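Quick notes on the structure that follows.
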Amino acid sequence: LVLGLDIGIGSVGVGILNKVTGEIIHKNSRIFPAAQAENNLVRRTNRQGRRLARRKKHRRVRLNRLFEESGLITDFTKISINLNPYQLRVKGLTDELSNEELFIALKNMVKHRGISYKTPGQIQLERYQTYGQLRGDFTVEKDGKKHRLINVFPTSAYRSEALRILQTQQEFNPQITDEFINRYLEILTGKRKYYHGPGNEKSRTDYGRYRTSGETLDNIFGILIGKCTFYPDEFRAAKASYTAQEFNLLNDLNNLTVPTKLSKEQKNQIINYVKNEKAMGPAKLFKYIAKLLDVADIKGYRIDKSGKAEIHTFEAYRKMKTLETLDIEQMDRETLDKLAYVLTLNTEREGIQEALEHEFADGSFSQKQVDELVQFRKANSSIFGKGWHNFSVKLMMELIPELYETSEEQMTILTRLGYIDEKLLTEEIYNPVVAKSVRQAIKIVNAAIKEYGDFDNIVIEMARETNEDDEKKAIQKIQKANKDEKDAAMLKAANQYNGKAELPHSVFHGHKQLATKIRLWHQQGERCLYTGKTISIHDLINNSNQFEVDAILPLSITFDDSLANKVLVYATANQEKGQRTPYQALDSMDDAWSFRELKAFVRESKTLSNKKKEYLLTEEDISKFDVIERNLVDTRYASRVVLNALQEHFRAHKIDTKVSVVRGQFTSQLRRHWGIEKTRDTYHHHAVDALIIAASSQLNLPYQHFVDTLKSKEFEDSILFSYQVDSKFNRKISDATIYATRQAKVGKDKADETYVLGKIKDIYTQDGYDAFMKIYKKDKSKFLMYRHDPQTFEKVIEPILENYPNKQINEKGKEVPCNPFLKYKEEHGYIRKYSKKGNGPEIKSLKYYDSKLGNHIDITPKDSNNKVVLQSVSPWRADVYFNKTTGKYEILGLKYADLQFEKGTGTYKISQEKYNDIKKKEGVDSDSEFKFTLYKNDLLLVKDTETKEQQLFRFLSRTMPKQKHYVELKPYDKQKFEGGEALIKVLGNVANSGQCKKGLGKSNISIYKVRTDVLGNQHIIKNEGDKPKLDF
RNA sequence: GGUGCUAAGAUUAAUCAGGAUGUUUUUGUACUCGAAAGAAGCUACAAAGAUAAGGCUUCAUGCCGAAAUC
DNA sequence: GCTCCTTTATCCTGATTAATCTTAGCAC
DNA sequence: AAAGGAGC
Ligand SMILES: [Ba+2]
Ligand SMILES: [Ba+2]
Ligand SMILES: [Ba+2]
Ligand SMILES: [Ba+2]
Ligand SMILES: [Ba+2]
Ligand SMILES: [Ba+2]
Ligand SMILES: [Ba+2]
Ligand SMILES: [Ba+2]
Ligand SMILES: [Ba+2]
Ligand SMILES: [Ba+2]
Ligand SMILES: [Ba+2]
Ligand SMILES: [Ba+2]
Ligand SMILES: [Ba+2]
Ligand SMILES: [Ba+2]
Ligand SMILES: [Mg+2]
Ligand SMILES: [Mg+2]
């Protein structure tokens, strides 16, 4: 029997076939949408955002306790919030402030303490006075030109400003001690080291340094260093360690071939020669082996991308011999390997200093020698940033001798010396998508082996190329052209800056991305492609903050993190671009060149790549909800791990189940060669792909039989499906929009109602204006201004709609719908609120009554005159009951937001009383029998009692709170329904809108839960237990 | 075809430290109404508060909450 | 009650560790 | 993609 596997990011196709007969024994499709674990990006983003906001709020709490302890303010209730803190930040610079005015000035400073990778207050206040606003990024007029500002300042300048304030206060006030000044500046300027992370000695967290086990790490990334290829409980050596340098050159030398393999002695010559000579390269070493022992006679050396020969040259050692306050020759091996550990992993003074103190014996270093090691590590980031060797040192020491003694390379030597736990298999893998699909692929083969015994062969499709030589040469030419323009960009940055042919290592400190910034910089003709302005190398390197690397098509939508989706632009031009493509954004941007100019530049030049040109000019209105390379990387990763784990399992246990490999491009043409047809948008193709995989393996060796069986029209209608149920609570609970509500009468009601508000963020975009007219043609009274400012609406905005075009002839002589608000803007500036003396504020956003408040989460401030809510509440599970009096089913729906952390306990749970309240409000009778609980992707069987039809569905959720017992379902064999698809008569047909929403509380109904193993074998469940499971 | 070491070129993953926003509440100022006191809560700016629902203990460079465990 | 229709926050700056392909040079 | 009020 032969087992095929098509492992993917959200599916694994399974299929078995009796090799002699060619008969199909099992076909199956295992599904687990990869979108669930791909959301980890959202989880990390939100965890990090919460930490930034937690600490910003903690900064002003820490400031409160500082003012309390100093005895300057005890009562924080009478603290005004309507004075100008920016002006007191200027007054305090020279004149005396009240303690309340000082606390307002410093609290304002702590909430915007600037970047750290005329004082700021005076720059901010001047923007307050001359343009009426300071925050965010906005446009300002600059003598005919529009310029862009943003409230971003160095933390150094904020600290500089605050210091002058408090020192000036000190001469007026004595309660302001030197310690008070010290403690505040740490509140203001304090940051955590990136290699420490969260926590404190009492606040244990395994995200950071203070581990819950009680251990305190020096650097939280040390534990992430890889393990040895053969010693899984041994960390690997630094590239710059002595052990790894000796192993590297030793194996380099034996892989040469010489007229006289080199002898044992012959290597120690070269090792000593290169170790004690200062300058060393590949030629000059070979120039020594040849001209001192014919370089053309030596062969078997690894070659450059370009074609230069290369070899290991103890580069790390030579540089470490240059140290003046220490002598590398005076240190033994494990001390020099340990030194390279510390200097590879740590990039900061304190991290190195702490690691030296805690890993070496107390008398091992002096301050001056750690002082030199600090300056040394920074000056050689290019060497200690190269990472780690694939081997531990332990293994190399069991290998370096025998590489001296014998002429064999590492592969040759290791030969000489000589069911799957899916969780341990994926214990140390930090990619939840790869870790999941691997875990799914192994759970299957274990169940396949249980039901069938071992197999002659288990075949895994791989996505590796097979290329002929024209093509192969076709890859290195490109990979070499890639390395060529980086050098070309660096060389050019060097001459433009230094005039020399190399940039000083001083410029890359705290700015390792410069090598890439320069590369895109060179590709954009040294011009920012949104401003049309030149980017001077001096400005870039010398003033790095003025620029940012924009994702051309924003990553929120595309997830395309390649170079071809990146451009170096001025920072303000990237912030104004926002979550938009240049096409959507450029013409609307105030400080920017026209999209036409950008088009011209892009087509005109010979610097941008082919794919970079499409992305900069796609007039495609891409969107986040329109019906990626991570998929390819992770599929390769998952399939591989499964393969290796299978081979190694069948040797260490000697099962002699062969394990073969097939490539995707071969299966694709085979499927074309055979009579294989793919059903549109269906999960069937994962299964039959796996049978093409199993079949590929027995090709050398009933063949037509298998195919005919396969071709059978009747074949698909009996392929099995199994889905991974999701029981997890505490997923994303709702949409993020925070909604206001008001009491109003809208449309057909004559009783005040609670309406959720909506708002048009900017009426000067086309999307902003089209939204305006949809609401306008339907019911102008929806706009809150219509009701609360009819003068502005009737005497400003209605004339504008009347007297400005809503369309226009474009560049191409094609009528395009234009925006009357926008066309007024270009002429008179912003539409302004109605006023007698032309004094009204500008108009940018319009709130309107949207929809009636229904289901929601209440986040209402005690302060608020109206409720504030969150909407689109996501569901967790549905509890199925049955009422004997009515003979109908009653379905209770639980949402993530029904569970919470219990005060006091800290347990995440729902209580019976709340569960009983939900049970009531959902129409479940308190005297009704519990039947089962359905989670997402569980499967249902819905039977009609009267006509005996039955349909198998998978569960999604309980939908529509108002419509009791209503449930959204999904298909058994595909991702979604199309719409109008016929179901059993009781449920009619699925809504043409696509979503299958049916109520299951009708009399004529029968529903059972269906479990499957990962193979597709179904079990009918008609009752699970006496009561629902609520163990927490 | 699998695999080991090395180097490069491409992609991507996990995790940490920070910035500036956005949403909404309240207040102030402006705009509108009013003789003012104020009203209205639109519109703009500023400040203060909340920012997945919600929790923790050790009182702080405090900690956890959208993944995985099926 | 059953189906149609609208709706849905984001841009960056530092840093480390790991993976998978694809070329190369050697090899079981 | 799916919540759920709008719309009838
Ligand atoms: Ba803005
Ligand atoms: Ba020396
Ligand atoms: Ba590195
Ligand atoms: Ba080919
Ligand atoms: Ba909107
Ligand atoms: Ba939603
Ligand atoms: Ba190979
Ligand atoms: Ba007045
Ligand atoms: Ba007044
Ligand atoms: Ba008021
Ligand atoms: Ba704010
Ligand atoms: Ba909270
Ligand atoms: Ba109704
Ligand atoms: Ba809605
Ligand atoms: Mg961008
Ligand atoms: Mg649809």
Side-chain angles (χ1 to χ4, degrees), chain A residues 37 39-40 42-43 46 52-53 58 62 81-82 85 114-117 132-133 136 150-152 186 190-195 197-200 202-203 205 220-221 224-226 229 248 251 255 300-303 305 310 347 390 409-412 414-415 430-432 464-465 472 475-476 479 482-483 510 548 556 561-562 574-575 578-579 625 629-630 633 636-637 640 647 660-661 724-725 727 730-738 740 784-785 788-789 791-792 833 835 839-843 851-852 854-855 857 859 861 863-864 868 872 897 900-901 903 906 959-961 963 968 991 993 995:
Chain A
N39 278 337
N40 185 72
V42 174
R43 179 174 185 257
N46 281 119
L52 292 192
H58 196 54
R62 216 135 44 95
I81 66 173
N82 297 121
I115 53 169
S116 65
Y117 69 95
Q133 62 174 322
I150 196 149
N151 197 41
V152 172
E186 176 65 17
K191 288 186 55 177
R192 291 167 168 262
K193 300 287 142 177
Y194 79 90
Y195 47 88
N200 71 202
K202 273 134 176 197
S203 313
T205 165
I220 65 168
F221 298 93
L224 297 166
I225 301 168
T229 312
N248 273 337
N251 177 282
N255 290 332
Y301 40 90
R302 332 140 333 176
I303 182 64
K305 233 60 176 171
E310 59 191 350
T347 69
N390 262 24
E409 42 88 52
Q410 47 92 21
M411 195 51 211
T412 302
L414 285 156
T415 286
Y430 301 117
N431 182 322
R464 314 190 148 143
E465 344 221 74
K472 279 202 179 218
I475 294 173
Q476 38 214 167
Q479 297 183 340
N482 278 323
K483 186 177 176 55
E548 307 184 340
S556 321
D561 208 4
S562 61
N574 170 60
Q575 292 301 102
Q579 190 194 34
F625 303 99
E629 283 300 273
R630 187 208 171 138
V633 176
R636 294 166 160 172
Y637 188 170
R640 166 120 188 221
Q647 331 198 92
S660 46
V661 153
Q724 175 76 68
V725 185
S727 322
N730 197 32
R731 302 205 178 271
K732 152 151 125 160
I733 62 172
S734 85
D735 287 3
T737 307
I738 289 176
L784 268 54
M785 161 168 81
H788 300 319
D789 194 10
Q791 307 181 51
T792 310
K833 202 150 106 70
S835 89
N839 204 9
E842 296 123 316
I843 301 179
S851 308
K852 293 192 173 71
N855 201 256
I857 305 173
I859 49 173
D863 252 7
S864 195
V868 183
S872 212
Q900 273 171 41
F901 300 85
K903 185 106 216 149
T959 338
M960 317 160 159
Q963 308 293 336
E968 180 162 1
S993 318
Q995 281 172 281

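In what follows, every chain begins at residue 1, and chains take the letters A, B, ... in the order their sequences are listed. What you see below is based on every heavy atom in this structure, not just the backbone, and it leaves out hydrogens, waters and symmetry mates.
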Hey, can you check B/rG62 for me, is the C1'-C2'-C3'-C4' torsion putting it north or south?
north
State which residues pass side chain to side chain contact (heavy atoms under 4.5 Å, CB included) with A/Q479; sequence neighbours excluded, sorted by chain then number.
A/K305, A/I475
Residue matched to B/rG1 through Watson-Crick or wobble contacts both under 3.5 angstrom:
none
Taking for A/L224 and for A/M411 the nucleotide of DNA chain C with the nearest heavy atom, the one nearer the 5' end belongs to A/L224
Mind listing the closest non-hydrogen atom pair of A/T229 and A/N390 along with its distance?
OG1-O, 2.9 Å
Identify whether B/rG22 and B/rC59 are a Watson-Crick or G-U wobble pair (both distances under 3.5 Å).
no
So, is A/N200 close to the B/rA60 phosphate, meaning a side-chain N or O under 4.0 Å from OP1 or OP2?
no
Partners meeting salt bridge (charged side-chain N to carboxylate O under 4.0 Å, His left out) with A/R731 (sequence neighbours left out):
A/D726
A/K903 side-chain N/O to B/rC56 phosphate OP1/OP2 under 4.0 Å:
yes
Mind checking side chain to side chain contact (heavy atoms under 4.5 Å, CB included) for A/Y637 and listing every partner two or more places apart, or none if nothing turns up?
A/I429, A/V434, A/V641
Just N and O in the side chain of A/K472: are any of them under 4.0 Å from OP1 or OP2 of C/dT23?
yes
For a quick test of reading the model: is some side-chain N or O of A/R464 closer than 4.0 Å to OP1 or OP2 of B/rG1?
no
Is the phosphate of B/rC5 approached by A/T229 (side-chain N or O, under 4.0 Å from OP1 or OP2)?
yes
Under a 3.5 Å cut-off for both distances, is B/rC33 Watson-Crick or wobble paired, and to whom?
B/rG38
So, is A/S203 near the phosphate of B/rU57, with a side-chain N or O under 4.0 Å from OP1 or OP2?
no
Whole-Å gap separating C1' (B/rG1) and CZ (A/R640)
13 Å
Between the major and the minor groove, which one has a base atom that a side-chain heavy atom of A/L52 comes under 5.0 Å from?
major
Nucleotides 38-40 of chain B: which of its N/O atoms have a protein N/O under 3.5 Å away?
none

Does the side chain of A/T737 get closer than 4.0 angstrom to OP1 or OP2 of C/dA9 through an N or O atom?
yes
With the criterion set at under 5.5 Å between ring centres and under 30 degrees between planes, would C/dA18 be stacked on A/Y430?
no
By side chain to side chain contact (heavy atoms under 4.5 Å, CB included), which residues pair with A/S203, not counting sequence neighbours?
A/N200
So how far off straight is the helix from B/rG4-C/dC26 to B/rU21-C/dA9, going by the axes through five pairs at either end, to 10°?
30°
Consecutive-pair stems (at least three Watson-Crick or G-U pairs, under 3.5 Å) that include DNA chain D:
C:1-7 with D:2-8
Between C/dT7 (P) and A/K852 (NZ): distance, integer Å:
15 Å
Presence of A/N390 side-chain N/O under 4.0 Å of B/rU6 phosphate oxygens OP1/OP2:
yes
A/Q963 brings a side-chain heavy atom under 5.0 Å of base atoms that line the major
Can you tell whether B/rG34 is stacked with B/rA35, judging only by whether their six-membered base rings have centres under 5.5 Å apart and planes under 30 degrees?
no
Kindly write out the residues that satisfy salt bridge (charged side-chain N to carboxylate O under 4.0 Å, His left out) with A/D561, not counting sequence neighbours, or none if the list is empty.
A/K566
Go along nucleotides 64-70 of chain B 5' to 3' and tag each nucleotide: B for a protein heavy atom under 4.0 Å from its base, S when only backbone or sugar atoms are that close, - otherwise.
BBBBBBB
List for me each residue that meets salt bridge (charged side-chain N to carboxylate O under 4.0 Å, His left out) alongside A/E842, sequence neighbours excluded, and say none if there are none.
A/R832
Sequence neighbours left out, what passes side chain to side chain contact (heavy atoms under 4.5 Å, CB included) with A/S993? Give chain and number order.
A/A991
Using a cut-off of strictly less than 4.0 Å, decide whether A/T415 has a side-chain nitrogen or oxygen near OP1 or OP2 of C/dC28.
no
Checking A/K852 now: which residues fulfil salt bridge (charged side-chain N to carboxylate O under 4.0 Å, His left out) with it, not counting sequence neighbours?
A/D749
